[PDB]
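Below is query-v6.txt, holding compact mmCIF, C-alpha atoms.
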# COMPACT_ATOMS: atom_id res chain seq x y z
CA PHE Y 346 -17.31 -9.06 -13.09
CA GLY Y 347 -16.17 -6.30 -15.44
CA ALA Y 348 -19.64 -5.54 -16.81
CA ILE Y 349 -20.56 -2.64 -14.52
CA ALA Y 350 -18.25 0.37 -14.98
CA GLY Y 351 -15.85 -1.74 -17.01
CA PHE Y 352 -16.85 -2.15 -20.64
CA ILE Y 353 -20.37 -0.76 -20.07
CA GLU Y 354 -18.76 2.49 -18.81
CA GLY Y 355 -21.59 4.63 -17.44
CA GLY Y 356 -25.27 4.02 -16.87
CA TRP Y 357 -28.67 5.06 -18.16
CA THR Y 358 -31.04 7.57 -16.54
CA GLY Y 359 -34.09 6.61 -18.60
CA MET Y 360 -35.35 3.53 -16.73
CA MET Y 361 -38.09 4.69 -14.38
CA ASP Y 362 -39.46 1.12 -14.24
CA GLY Y 363 -36.58 -1.13 -13.14
CA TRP Y 364 -32.87 -1.73 -12.52
CA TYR Y 365 -31.82 -3.79 -15.59
CA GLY Y 366 -32.77 -3.92 -19.24
CA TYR Y 367 -32.18 -2.90 -22.83
CA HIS Y 368 -31.94 0.04 -25.23
CA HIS Y 369 -32.85 -0.60 -28.87
CA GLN Y 370 -32.40 1.50 -32.01
CA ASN Y 371 -34.06 -0.18 -35.00
CA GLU Y 372 -36.96 1.49 -36.82
CA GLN Y 373 -39.34 2.53 -33.98
CA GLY Y 374 -39.44 3.09 -30.20
CA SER Y 375 -36.12 4.40 -28.91
CA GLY Y 376 -37.07 3.72 -25.28
CA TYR Y 377 -35.74 1.44 -22.56
CA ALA Y 378 -37.20 -1.81 -21.24
CA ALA Y 379 -37.03 -3.39 -17.79
CA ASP Y 380 -36.27 -7.07 -17.22
CA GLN Y 381 -39.08 -7.79 -14.74
CA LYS Y 382 -37.36 -11.09 -13.83
CA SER Y 383 -33.71 -10.04 -13.76
CA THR Y 384 -34.92 -7.19 -11.53
CA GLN Y 385 -37.78 -8.62 -9.45
CA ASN Y 386 -35.46 -11.45 -8.40
CA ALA Y 387 -32.81 -8.98 -7.23
CA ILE Y 388 -35.27 -6.98 -5.14
CA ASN Y 389 -36.62 -10.28 -3.81
CA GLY Y 390 -33.05 -11.01 -2.75
CA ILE Y 391 -31.86 -7.64 -1.48
CA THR Y 392 -34.91 -6.84 0.64
CA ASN Y 393 -34.42 -10.38 1.95
CA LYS Y 394 -30.82 -9.48 2.83
CA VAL Y 395 -31.55 -6.17 4.56
CA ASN Y 396 -34.48 -7.67 6.48
CA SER Y 397 -32.14 -10.33 7.86
CA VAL Y 398 -29.38 -7.96 8.95
CA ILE Y 399 -32.16 -6.03 10.69
CA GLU Y 400 -34.26 -8.82 12.15
CA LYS Y 401 -31.70 -11.53 12.98
CA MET Y 402 -30.83 -9.48 16.08
CA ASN Y 403 -33.29 -10.44 18.77
CA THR Y 404 -32.57 -8.56 21.97
CA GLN Y 405 -34.06 -9.02 25.42
CA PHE Y 406 -35.21 -6.36 27.86
CA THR Y 407 -32.13 -4.85 29.49
CA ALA Y 408 -31.45 -2.00 31.91
CA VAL Y 409 -27.80 -1.20 31.26
CA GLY Y 410 -27.29 1.10 34.24
CA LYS Y 411 -25.57 0.18 37.49
CA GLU Y 412 -24.96 2.38 40.54
CA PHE Y 413 -22.09 1.87 42.98
CA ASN Y 414 -21.08 3.57 46.22
CA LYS Y 415 -17.67 5.06 46.86
CA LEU Y 416 -16.36 1.74 48.27
CA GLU Y 417 -17.47 -0.19 45.15
CA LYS Y 418 -15.14 1.35 42.58
CA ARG Y 419 -13.97 -2.11 41.47
CA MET Y 420 -17.51 -3.18 40.52
CA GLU Y 421 -18.03 0.20 38.81
CA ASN Y 422 -14.94 -0.47 36.72
CA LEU Y 423 -15.83 -4.10 36.04
CA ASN Y 424 -19.21 -2.86 34.85
CA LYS Y 425 -17.63 -0.15 32.69
CA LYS Y 426 -15.31 -2.78 31.23
CA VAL Y 427 -18.31 -4.87 30.19
CA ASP Y 428 -19.99 -1.90 28.53
CA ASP Y 429 -16.78 -0.85 26.73
CA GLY Y 430 -16.33 -4.46 25.66
CA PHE Y 431 -19.68 -4.73 23.90
CA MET Y 432 -19.30 -1.26 22.38
CA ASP Y 433 -15.94 -2.25 20.91
CA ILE Y 434 -17.32 -5.52 19.53
CA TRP Y 435 -20.54 -4.17 18.02
CA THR Y 436 -18.80 -1.05 16.69
CA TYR Y 437 -16.10 -3.07 14.95
CA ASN Y 438 -18.36 -5.88 13.70
CA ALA Y 439 -21.00 -3.45 12.41
CA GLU Y 440 -18.62 -1.06 10.64
CA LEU Y 441 -16.94 -3.98 8.86
CA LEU Y 442 -20.19 -5.82 8.11
CA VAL Y 443 -21.51 -2.68 6.41
CA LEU Y 444 -18.19 -2.28 4.60
CA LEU Y 445 -17.96 -5.86 3.34
CA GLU Y 446 -21.59 -6.57 2.48
CA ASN Y 447 -21.75 -3.32 0.53
CA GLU Y 448 -19.08 -4.69 -1.80
CA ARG Y 449 -20.96 -8.00 -1.89
CA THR Y 450 -24.01 -6.00 -2.98
CA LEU Y 451 -22.26 -4.05 -5.75
CA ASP Y 452 -20.82 -7.29 -7.15
CA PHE Y 453 -24.34 -8.76 -7.18
CA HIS Y 454 -25.24 -6.24 -9.89
CA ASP Y 455 -22.09 -7.05 -11.89
CA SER Y 456 -22.96 -10.76 -11.82
CA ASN Y 457 -26.54 -9.90 -12.77
CA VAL Y 458 -25.98 -7.72 -15.85
CA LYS Y 459 -23.07 -9.88 -16.99
CA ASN Y 460 -25.52 -12.79 -17.00
CA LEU Y 461 -28.22 -10.73 -18.73
CA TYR Y 462 -25.70 -9.65 -21.37
CA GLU Y 463 -24.63 -13.29 -21.62
CA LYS Y 464 -28.33 -14.19 -21.77
CA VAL Y 465 -28.60 -12.65 -25.26
CA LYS Y 466 -25.07 -12.99 -26.67
CA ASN Y 467 -25.11 -16.71 -25.78
CA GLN Y 468 -28.46 -16.71 -27.64
CA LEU Y 469 -28.08 -14.41 -30.66
CA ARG Y 470 -24.66 -15.91 -31.64
CA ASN Y 471 -23.19 -14.42 -34.87
CA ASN Y 472 -26.23 -12.31 -35.83
CA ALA Y 473 -24.65 -9.05 -34.61
CA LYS Y 474 -21.26 -7.42 -34.19
CA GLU Y 475 -20.44 -7.84 -30.48
CA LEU Y 476 -19.42 -4.29 -29.65
CA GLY Y 477 -17.35 -4.04 -26.49
CA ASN Y 478 -19.54 -1.28 -25.07
CA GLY Y 479 -22.28 -3.78 -24.22
CA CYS Y 480 -24.42 -3.37 -27.31
CA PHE Y 481 -25.24 -5.27 -30.52
CA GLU Y 482 -25.68 -3.98 -34.09
CA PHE Y 483 -28.64 -5.90 -35.51
CA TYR Y 484 -28.50 -7.52 -38.95
CA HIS Y 485 -32.30 -7.32 -39.50
CA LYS Y 486 -33.20 -4.34 -37.25
CA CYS Y 487 -36.10 -5.99 -35.42
CA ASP Y 488 -39.40 -4.17 -35.17
CA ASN Y 489 -41.24 -3.67 -31.88
CA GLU Y 490 -42.97 -7.04 -32.33
CA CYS Y 491 -39.65 -8.92 -32.33
CA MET Y 492 -37.49 -6.85 -29.97
CA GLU Y 493 -40.08 -7.29 -27.20
CA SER Y 494 -39.53 -11.06 -27.66
CA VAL Y 495 -35.77 -10.97 -27.12
CA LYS Y 496 -36.65 -9.74 -23.62
CA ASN Y 497 -38.15 -13.18 -23.04
CA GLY Y 498 -35.13 -14.54 -24.90
CA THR Y 499 -36.81 -16.03 -27.96
CA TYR Y 500 -35.38 -15.99 -31.49
CA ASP Y 501 -35.12 -18.32 -34.48
CA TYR Y 502 -31.93 -18.92 -36.51
CA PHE W 346 -12.64 -16.82 -11.93
CA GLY W 347 -10.46 -19.46 -13.56
CA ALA W 348 -7.85 -17.02 -14.88
CA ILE W 349 -5.32 -17.27 -12.04
CA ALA W 350 -3.83 -20.78 -11.74
CA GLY W 351 -6.48 -22.15 -14.07
CA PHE W 352 -5.70 -21.61 -17.74
CA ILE W 353 -2.87 -19.14 -17.03
CA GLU W 354 -1.12 -21.91 -15.02
CA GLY W 355 1.88 -20.28 -13.34
CA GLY W 356 3.09 -16.71 -13.07
CA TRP W 357 5.89 -14.45 -14.24
CA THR W 358 8.92 -13.36 -12.21
CA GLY W 359 9.97 -10.56 -14.57
CA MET W 360 7.66 -7.73 -13.47
CA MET W 361 9.60 -5.57 -11.05
CA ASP W 362 7.23 -2.65 -11.75
CA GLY W 363 3.70 -3.91 -11.05
CA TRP W 364 1.24 -6.75 -10.42
CA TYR W 365 -0.52 -7.12 -13.82
CA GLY W 366 0.47 -6.77 -17.45
CA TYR W 367 1.65 -8.29 -20.69
CA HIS W 368 4.45 -10.26 -22.38
CA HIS W 369 4.97 -9.69 -26.11
CA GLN W 370 7.07 -11.54 -28.69
CA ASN W 371 6.98 -9.73 -32.04
CA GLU W 372 10.15 -8.28 -33.57
CA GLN W 373 11.73 -6.30 -30.67
CA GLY W 374 11.62 -5.93 -26.87
CA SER W 375 10.86 -9.25 -25.18
CA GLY W 376 10.13 -7.58 -21.83
CA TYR W 377 7.07 -7.24 -19.63
CA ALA W 378 4.80 -4.23 -19.12
CA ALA W 379 2.79 -3.12 -16.09
CA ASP W 380 -0.82 -1.94 -16.32
CA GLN W 381 -0.46 1.20 -14.18
CA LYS W 382 -4.27 1.42 -13.95
CA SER W 383 -5.21 -2.24 -13.50
CA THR W 384 -2.56 -2.23 -10.74
CA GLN W 385 -2.71 1.24 -9.15
CA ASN W 386 -6.45 0.73 -8.66
CA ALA W 387 -5.87 -2.58 -6.86
CA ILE W 388 -3.29 -1.09 -4.49
CA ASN W 389 -5.66 1.85 -3.97
CA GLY W 390 -8.24 -0.74 -2.95
CA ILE W 391 -6.17 -3.20 -0.92
CA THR W 392 -4.33 -0.63 1.19
CA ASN W 393 -7.81 0.83 1.71
CA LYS W 394 -8.99 -2.59 2.92
CA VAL W 395 -6.10 -3.29 5.30
CA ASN W 396 -6.25 0.24 6.72
CA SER W 397 -9.92 -0.31 7.58
CA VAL W 398 -9.45 -3.67 9.28
CA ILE W 399 -6.72 -1.94 11.28
CA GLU W 400 -8.31 1.43 12.01
CA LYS W 401 -12.03 0.62 12.32
CA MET W 402 -11.25 -0.66 15.83
CA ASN W 403 -11.29 2.33 18.14
CA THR W 404 -10.60 1.27 21.70
CA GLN W 405 -10.83 3.28 24.90
CA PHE W 406 -8.41 3.36 27.82
CA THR W 407 -8.94 0.21 29.86
CA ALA W 408 -7.27 -1.38 32.88
CA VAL W 409 -8.29 -5.02 32.58
CA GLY W 410 -7.10 -6.13 36.01
CA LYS W 411 -9.29 -6.71 39.05
CA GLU W 412 -8.23 -7.84 42.53
CA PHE W 413 -10.51 -9.74 44.92
CA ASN W 414 -10.12 -10.94 48.50
CA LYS W 415 -10.66 -14.52 49.60
CA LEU W 416 -14.38 -13.86 50.29
CA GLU W 417 -14.93 -12.43 46.78
CA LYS W 418 -14.34 -15.57 44.71
CA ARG W 419 -17.68 -15.09 42.92
CA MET W 420 -16.67 -11.65 41.61
CA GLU W 421 -13.25 -13.06 40.66
CA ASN W 422 -15.00 -15.72 38.61
CA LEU W 423 -17.52 -13.31 37.11
CA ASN W 424 -14.58 -11.15 36.07
CA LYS W 425 -12.69 -14.13 34.64
CA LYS W 426 -15.84 -15.10 32.73
CA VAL W 427 -15.95 -11.65 31.13
CA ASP W 428 -12.30 -11.86 30.10
CA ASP W 429 -12.70 -15.40 28.71
CA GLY W 430 -15.82 -14.22 26.89
CA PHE W 431 -14.08 -11.45 24.97
CA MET W 432 -11.06 -13.65 24.27
CA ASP W 433 -13.32 -16.31 22.76
CA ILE W 434 -15.18 -13.75 20.64
CA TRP W 435 -12.17 -11.83 19.33
CA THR W 436 -10.15 -15.01 18.80
CA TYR W 437 -12.93 -16.64 16.77
CA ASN W 438 -13.98 -13.53 14.84
CA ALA W 439 -10.38 -12.58 14.01
CA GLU W 440 -9.22 -16.05 12.90
CA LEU W 441 -12.24 -16.37 10.60
CA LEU W 442 -12.06 -12.79 9.32
CA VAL W 443 -8.45 -13.39 8.31
CA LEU W 444 -9.45 -16.71 6.76
CA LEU W 445 -12.39 -15.40 4.77
CA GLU W 446 -11.04 -12.03 3.62
CA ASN W 447 -7.87 -13.73 2.42
CA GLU W 448 -9.96 -15.73 -0.04
CA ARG W 449 -11.83 -12.54 -0.93
CA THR W 450 -8.43 -11.00 -1.69
CA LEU W 451 -7.17 -13.85 -3.88
CA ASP W 452 -10.40 -13.76 -5.89
CA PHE W 453 -9.89 -10.01 -6.40
CA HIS W 454 -6.84 -10.83 -8.53
CA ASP W 455 -8.75 -13.46 -10.52
CA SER W 456 -11.50 -10.93 -11.30
CA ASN W 457 -8.82 -8.37 -12.19
CA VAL W 458 -6.72 -10.35 -14.69
CA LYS W 459 -9.81 -12.00 -16.16
CA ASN W 460 -11.07 -8.49 -16.91
CA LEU W 461 -7.68 -7.39 -18.25
CA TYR W 462 -7.56 -10.47 -20.49
CA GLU W 463 -11.15 -9.70 -21.48
CA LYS W 464 -10.05 -6.08 -21.99
CA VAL W 465 -8.01 -7.10 -25.05
CA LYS W 466 -9.81 -10.19 -26.35
CA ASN W 467 -13.10 -8.25 -26.31
CA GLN W 468 -11.13 -5.62 -28.26
CA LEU W 469 -8.85 -7.49 -30.69
CA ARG W 470 -11.66 -9.88 -31.82
CA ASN W 471 -10.57 -12.34 -34.58
CA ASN W 472 -7.10 -10.85 -35.18
CA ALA W 473 -5.32 -13.60 -33.21
CA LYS W 474 -5.69 -17.25 -32.29
CA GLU W 475 -7.09 -17.22 -28.74
CA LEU W 476 -4.71 -19.68 -27.10
CA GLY W 477 -6.07 -21.13 -23.88
CA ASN W 478 -2.87 -20.34 -21.98
CA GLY W 479 -3.79 -16.65 -21.83
CA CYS W 480 -1.84 -15.45 -24.84
CA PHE W 481 -2.51 -14.29 -28.42
CA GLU W 482 -0.58 -15.05 -31.64
CA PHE W 483 -0.50 -11.77 -33.56
CA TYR W 484 -1.36 -11.62 -37.27
CA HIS W 485 0.79 -8.50 -37.92
CA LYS W 486 3.39 -8.82 -35.11
CA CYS W 487 3.11 -5.25 -33.81
CA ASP W 488 6.27 -3.22 -33.31
CA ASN W 489 7.04 -1.39 -30.07
CA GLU W 490 5.11 1.65 -31.33
CA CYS W 491 1.86 -0.33 -31.59
CA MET W 492 2.15 -2.84 -28.75
CA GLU W 493 2.59 0.02 -26.26
CA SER W 494 -0.81 1.27 -27.51
CA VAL W 495 -2.70 -1.96 -26.81
CA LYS W 496 -1.81 -1.27 -23.17
CA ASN W 497 -4.09 1.76 -23.41
CA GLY W 498 -6.43 -0.48 -25.40
CA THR W 499 -6.34 1.25 -28.78
CA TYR W 500 -6.42 -0.53 -32.15
CA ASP W 501 -8.02 -0.08 -35.57
CA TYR W 502 -9.77 -2.86 -37.54
CA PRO R 234 -19.03 17.91 61.96
CA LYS R 235 -22.36 19.56 61.28
CA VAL R 236 -24.39 18.59 58.22
CA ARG R 237 -27.50 20.66 57.52
CA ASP R 238 -26.52 22.32 60.80
CA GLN R 239 -26.84 19.00 62.67
CA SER R 240 -24.02 17.31 64.55
CA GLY R 241 -26.30 14.39 65.27
CA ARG R 242 -27.05 11.68 62.74
CA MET R 243 -29.95 9.39 61.80
CA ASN R 244 -29.04 6.11 60.11
CA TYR R 245 -31.77 4.77 57.83
CA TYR R 246 -32.50 1.08 57.26
CA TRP R 247 -34.96 -1.06 55.33
CA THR R 248 -36.16 -4.61 54.69
CA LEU R 249 -38.71 -6.38 52.48
CA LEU R 250 -41.05 -8.24 54.82
CA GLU R 251 -42.32 -11.26 52.88
CA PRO R 252 -46.06 -12.05 52.62
CA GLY R 253 -47.18 -13.67 55.85
CA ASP R 254 -44.04 -12.80 57.78
CA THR R 255 -43.98 -10.63 60.88
CA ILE R 256 -41.50 -7.89 61.76
CA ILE R 257 -40.89 -6.92 65.40
CA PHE R 258 -39.46 -3.62 66.66
CA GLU R 259 -37.98 -3.50 70.17
CA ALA R 260 -36.28 -0.35 71.44
CA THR R 261 -34.92 1.18 74.63
CA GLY R 262 -34.38 4.52 72.89
CA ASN R 263 -33.16 6.22 69.76
CA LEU R 264 -35.70 4.46 67.50
CA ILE R 265 -37.05 6.40 64.53
CA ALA R 266 -40.15 4.26 64.26
CA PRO R 267 -41.98 3.41 61.04
CA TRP R 268 -45.30 5.12 60.44
CA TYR R 269 -46.16 4.40 56.81
CA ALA R 270 -44.83 1.47 54.78
CA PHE R 271 -45.31 0.19 51.23
CA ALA R 272 -47.09 -2.88 49.86
CA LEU R 273 -45.50 -3.74 46.52
CA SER R 274 -45.00 -6.47 43.95
CA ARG R 275 -41.64 -6.27 42.21
CA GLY R 276 -41.53 -6.18 38.43
CA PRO R 277 -39.18 -7.98 36.06
CA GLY R 278 -36.31 -5.60 36.78
CA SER R 279 -35.38 -2.18 35.46
CA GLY R 280 -33.36 0.92 36.36
CA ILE R 281 -33.14 4.68 36.94
CA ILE R 282 -33.10 7.34 34.20
CA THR R 283 -31.61 10.76 35.05
CA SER R 284 -32.93 13.44 32.74
CA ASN R 285 -34.79 16.70 32.21
CA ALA R 286 -36.82 15.53 29.22
CA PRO R 287 -40.55 15.99 29.83
CA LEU R 288 -42.90 13.05 30.21

Represent the structure from my file as structure tokens, please.
Amino acid sequence: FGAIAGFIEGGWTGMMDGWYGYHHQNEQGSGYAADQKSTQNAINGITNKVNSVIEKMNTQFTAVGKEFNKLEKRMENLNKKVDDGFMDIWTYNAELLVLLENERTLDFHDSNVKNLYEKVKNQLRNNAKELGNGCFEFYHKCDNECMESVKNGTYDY
Amino acid sequence: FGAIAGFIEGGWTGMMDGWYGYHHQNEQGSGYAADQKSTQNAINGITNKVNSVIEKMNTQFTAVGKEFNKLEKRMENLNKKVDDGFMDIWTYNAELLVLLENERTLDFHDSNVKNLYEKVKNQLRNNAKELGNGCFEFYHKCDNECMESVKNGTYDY
Amino acid sequence: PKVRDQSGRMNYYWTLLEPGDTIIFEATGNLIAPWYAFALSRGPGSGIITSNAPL
């Protein structure tokens, strides 16, 4: 979506604990919080994705080399053609797979924060001015006992 | 998303200058405007994408042909098998790559206009009726001095 | 033409005598006879590496 580097501009350096969460200014702790579910489901999914690009390639034992005498040039060239063929296929398919699935990975974070942002705006409703930056001015600036409960997504009226 | 050919139905023929922008009826110029950033970032990205499907294939010098005598039919067939093998791989991988990355390209425009539409609705707020067609009835029909500033996304209250 | 200062030549040959089989050498001359041979079991199948890296 347009969440990452769209209307949420830049990012925060202060989250040593996770990849996604919140920043609250109310009457107490000015720190950042991690969403241990919005995040621990992404790492469960990304490490799953790397481990399958790695480990879905089973490969047998293979000695690539072949030796031909001076009256076997045709075989030599047929063999070289086979090696060039694989090189061209794996080089092209790898370079593009890296290229494409990197964009698929950066979108994954857009779709994640956009849903986390929509996990509170589609929950708080008209109890805050919906600032376009990705931030909400609270009508009853919740203390640390309440703000830690919006993380779980739990409010009243 | 559902922006392209969803709630914005058809498209406009009157934009000789770019791919995305606006159409304003107020008190003056009834023309169309291009979003030189929403557009010049897409062309920076698409031409980047074509140029990498083209140029990520490096290929060496290769003479594909092989000639075999009448007591070398096995080699002849082994060679034909190698040529059929590559043909089958490149034919299948190309046809599908074209098929899939074309859909990835058409979505790119959905995600772009949906963010441009959300670049003004998430900015103008309740100063217009949000018509489902993808269009906004202005409360103080801005002149050409103001409308050209919503392009940059700049308002007041 | 001489090679290693020899105009003569020695052609070298080989075969893998299967277990239980017998090989027979018969010569009137010119035989470079075997003296030592090798008892081996072939592995799954590999190749030659040409290098100077130490083992």

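With distances taken over only C-alpha atoms, Y:421 is the one residue among Y:482, Y:501, Y:421, Y:493 lying closest to chain W.
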
(request) Would you mind reading off the distance between atom CA of residue 502 of chain W and atom CA of residue 478 of chain Y, one decimal, in Å? (result) 15.9 Å

Provide as a compact mmCIF listing (two decimals) with C-alpha atoms, keeping the file's coordinate frame the residues of chain R at most 12 Å from chain Y, counting all atoms listed in the file.
# COMPACT_ATOMS: atom_id res chain seq x y z
CA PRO R 277 -39.18 -7.98 36.06
CA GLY R 278 -36.31 -5.60 36.78
CA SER R 279 -35.38 -2.18 35.46
CA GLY R 280 -33.36 0.92 36.36
CA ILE R 281 -33.14 4.68 36.94
CA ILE R 282 -33.10 7.34 34.20
CA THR R 283 -31.61 10.76 35.05

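Between atom CA of residue 259 of chain R and atom CA of residue 239 of chain R the separation is 26.2 Å.
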
If you take every atom of segment 368-386 of chain W that the file lists and fit an axis-aligned box around them with 8 Å extra on each side, what centre and edge lengths come out in Å to one decimal, as JSON?
{"center_x": 2.6, "center_y": -5.1, "center_z": -21.1, "size_x": 34.2, "size_y": 29.0, "size_z": 40.9}

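For residue 441 of chain Y, the residues within 8 Å (counting only C-alpha atoms, excluding itself and residues fewer than 4 positions away along the chain) are residues 437 and 445 of chain Y; 398 and 401 of chain W.
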
Can you tell me, as a PDB file with C-alpha atoms, in the frame of the given file, what residues are no more than 12 Å from residue 438 of chain W when counting only C-alpha atoms, ignoring any on the same chain fewer than 3 positions away?
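And here's result.pdb as it stands now:
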ATOM      1  CA  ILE Y 434     -17.320  -5.520  19.530  1.00  0.00           C
ATOM      2  CA  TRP Y 435     -20.540  -4.170  18.020  1.00  0.00           C
ATOM      3  CA  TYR Y 437     -16.100  -3.070  14.950  1.00  0.00           C
ATOM      4  CA  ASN Y 438     -18.360  -5.880  13.700  1.00  0.00           C
ATOM      5  CA  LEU Y 441     -16.940  -3.980   8.860  1.00  0.00           C
ATOM      6  CA  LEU Y 442     -20.190  -5.820   8.110  1.00  0.00           C
TER       7      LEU Y 442
ATOM      8  CA  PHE W 431     -14.080 -11.450  24.970  1.00  0.00           C
ATOM      9  CA  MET W 432     -11.060 -13.650  24.270  1.00  0.00           C
ATOM     10  CA  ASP W 433     -13.320 -16.310  22.760  1.00  0.00           C
ATOM     11  CA  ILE W 434     -15.180 -13.750  20.640  1.00  0.00           C
ATOM     12  CA  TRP W 435     -12.170 -11.830  19.330  1.00  0.00           C
ATOM     13  CA  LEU W 441     -12.240 -16.370  10.600  1.00  0.00           C
ATOM     14  CA  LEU W 442     -12.060 -12.790   9.320  1.00  0.00           C
ATOM     15  CA  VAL W 443      -8.450 -13.390   8.310  1.00  0.00           C
ATOM     16  CA  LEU W 444      -9.450 -16.710   6.760  1.00  0.00           C
ATOM     17  CA  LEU W 445     -12.390 -15.400   4.770  1.00  0.00           C
ATOM     18  CA  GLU W 446     -11.040 -12.030   3.620  1.00  0.00           C
TER      19      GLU W 446
END

(request) Compile the residues of chain Y that lie within 8 Å of chain W, evaluated using only C-alpha atoms, and express the compilation as a list in words. (result) residues 346, 347, 352, 419, 423, 426, 427, 429, 430, 433, 436, 437, 440, 441 and 477 of chain Y

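Nearest residue to residue 244 of chain R among R:269, R:263, R:276, R:285 is R:263, counting only C-alpha atoms.
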
(request) Would you mind reading off the distance between atom CA of residue 372 of chain W and atom CA of residue 462 of chain W, one decimal, in Å? (result) 22.1 Å

Set the distance at 12 Å and use all atoms listed in the file: which residues neighbour residue 489 of chain W once local chain neighbours fewer than 4 positions away are removed? I'd like the list as a PDB file with C-alpha atoms, in the coordinates of the input.
ATOM      1  CA  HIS W 369       4.970  -9.690 -26.110  1.00  0.00           C
ATOM      2  CA  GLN W 370       7.070 -11.540 -28.690  1.00  0.00           C
ATOM      3  CA  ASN W 371       6.980  -9.730 -32.040  1.00  0.00           C
ATOM      4  CA  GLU W 372      10.150  -8.280 -33.570  1.00  0.00           C
ATOM      5  CA  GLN W 373      11.730  -6.300 -30.670  1.00  0.00           C
ATOM      6  CA  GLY W 374      11.620  -5.930 -26.870  1.00  0.00           C
ATOM      7  CA  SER W 375      10.860  -9.250 -25.180  1.00  0.00           C
ATOM      8  CA  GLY W 376      10.130  -7.580 -21.830  1.00  0.00           C
ATOM      9  CA  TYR W 377       7.070  -7.240 -19.630  1.00  0.00           C
ATOM     10  CA  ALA W 378       4.800  -4.230 -19.120  1.00  0.00           C
ATOM     11  CA  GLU W 493       2.590   0.020 -26.260  1.00  0.00           C
ATOM     12  CA  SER W 494      -0.810   1.270 -27.510  1.00  0.00           C
ATOM     13  CA  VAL W 495      -2.700  -1.960 -26.810  1.00  0.00           C
ATOM     14  CA  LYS W 496      -1.810  -1.270 -23.170  1.00  0.00           C
TER      15      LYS W 496
END
